[PDB]
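> Fold the following for me, if possible:
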Amino acid sequence: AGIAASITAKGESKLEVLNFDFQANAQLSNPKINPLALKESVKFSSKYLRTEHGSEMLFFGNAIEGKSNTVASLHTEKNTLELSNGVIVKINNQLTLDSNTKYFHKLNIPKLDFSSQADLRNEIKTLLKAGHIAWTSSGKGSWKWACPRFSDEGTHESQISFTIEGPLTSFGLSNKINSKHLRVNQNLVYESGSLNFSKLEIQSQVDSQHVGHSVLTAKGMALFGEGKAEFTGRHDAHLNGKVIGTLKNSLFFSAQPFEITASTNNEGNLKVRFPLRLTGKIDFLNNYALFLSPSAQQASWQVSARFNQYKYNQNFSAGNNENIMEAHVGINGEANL
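Numbers count the residues shown, from 1 in each chain. This is the structure:
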């Protein structure tokens, strides 16, 4: 039992952008055993836009297959755009798909001397199995254009990693972005073996000429069942241009049974270049030290925030001990008038 369906539409007329020649088809087959080979082809002519598609679905009970494609290409007197897509899906025992996105764009506007090029690769590859996950992608692409009000060029590089196998999980990102004015490197590292451990790793590298360099990267080691958690937290930054200085950040601590200790330190000596020839001199000293224990506990807070000619030192020590408890409040400051 099969059906031969065929459609053919002709819009012959004046103007090339308006005339069209559409055609369609459809085929079927199903004798006894359901060996379906359903197919489709979408086709038409039109000077304004040419787009084509063909989808052919295959079925053999457990052998299930699917191939679909849709490609379009825009063309005119100023612009030239294209796109392609391939659906590759097959179902035999497990589930998997690989689909691609081919993106092109070329714009040329001679009115203001503009020429833009965009060209993007968007591909997905998945794998679903009985207890298995295999997921990855790559957002590869680049950009470029010449325009007096906006001129930039660079390459975008993305990669996604994800995989599941049993109680353990895996997940990693490698982001590489590069341009003529901004350069950032990004990495993600994640790992945790169910309720046993948890790996926390961040990688952020920002590079720019006008402001300077920023360095942010930190680690965290977490363990389950006992109460252990230690994160290595830090940051180093540079500022250039209208502002100059440093950003030091200390975030160190250990989470332990019957022992809690935290160390936080924040440093900055920024010098703001205000307009009308004014300079703001900012130096602040923010620190912290923790110790928690069943026997004795303590804390510390010291601030040395200073603005230009206005200095302030604030003293705060907190600590409980059985032999002696200290209680001092340091309130000191000076405001020039």
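
> all strands for the stretch 201-337 of the chain, in order.
212-223, 228-239, 243-256, 259-268, 271-274, 278-291, 297-303, 306-307, 310-320, 325-334 (DSSP state E, counting those that start in this stretch).

> So which of the ones you listed is nearest residue 133?
strand 212-223 (22.5 Å; Cβ to Cβ). (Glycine included, C-beta is placed from N, CA and C.)

> What angle do strand 243-256 and that closest one make with each other?
Calculated by axes from the mean of the first three to the mean of the last three Cα atoms, to 10 degrees, strand 212-223 forms an angle of 0 degrees with strand 243-256.

> Sort out which residues of strand 212-223 are buried, please.
Going by neighbour count (16 or more other Cβ atoms under 10 Å), the buried part of strand 212-223 is 212, 214, 216, 218.

> ditto for stretch 275-286
Buried residues in stretch 275-286 (16+ other Cβ under 10 Å): 283, 285.

> In CSV: the strands of the stretch 201-337 of the chain, plus distance to residue 80.
As requested, the strands of the stretch 201-337 of the chain are exported to CSV (distance: least, Cβ to Cβ, whole Å):
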stretch, distance to residue 80
strand 212-223, 39
strand 228-239, 43
strand 243-256, 44
strand 259-268, 51
strand 271-274, 46
strand 278-291, 52
strand 297-303, 61
strand 306-307, 57
strand 310-320, 62
strand 325-334, 67
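
> List just the one of those that sits closest to residue 32.
That would be strand 212-223 among those, by Cβ to Cβ, at 59.9 Å.

> contacts for that closest one?
If you take Cβ atoms under 8 Å, 6 or more residues apart in numbering as the criterion, strand 212-223 is touched by 192, 196-207, 228-241, 251.

> For PyMOL, what selects the buried ones among these?
In PyMOL, this line selects whichever of those come out buried by 16+ other Cβ under 10 Å:
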select buried, resi 192+198+200+201+203+204+206+229+230+233+235+237+239+251
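
> with the buried residues of strand 212-223 in mind, which one is nearest to residue 150?
residue 212 (23.6 Å).

> so the closest one bridges to which residues?
residue 208 (DSSP bridges).

> now it: how far from residue 233?
To residue 233, residue 212 is 21 Å away according to Cβ to Cβ, to the nearest Å.

> Next secondary structure element downstream of whatever helix or strand residue 128 lives in?
Using DSSP states H and E, residue 128 maps to strand 114-129. Per DSSP H and E, the first helix or strand lying C-terminal to strand 114-129 is strand 132-138.

> tilt between that next one and strand 114-129?
For strand 132-138 against strand 114-129, the angle by the same axes, to 10 degrees is 170 degrees.

> Could I get the buried residue list for strand 132-138?
134-135.

> downstream neighbour of that strand in the secondary structure list?
strand 141-146.

> Tell me the strands beside whichever helix or strand comes after that next one, with direction?
As assigned by DSSP H and E, the chain's next helix or strand after strand 141-146 is strand 153-157. Taking DSSP bridges as the criterion, strand 153-157 forms sheet pairs with strand 141-146 (antiparallel), strand 168-179 (antiparallel).
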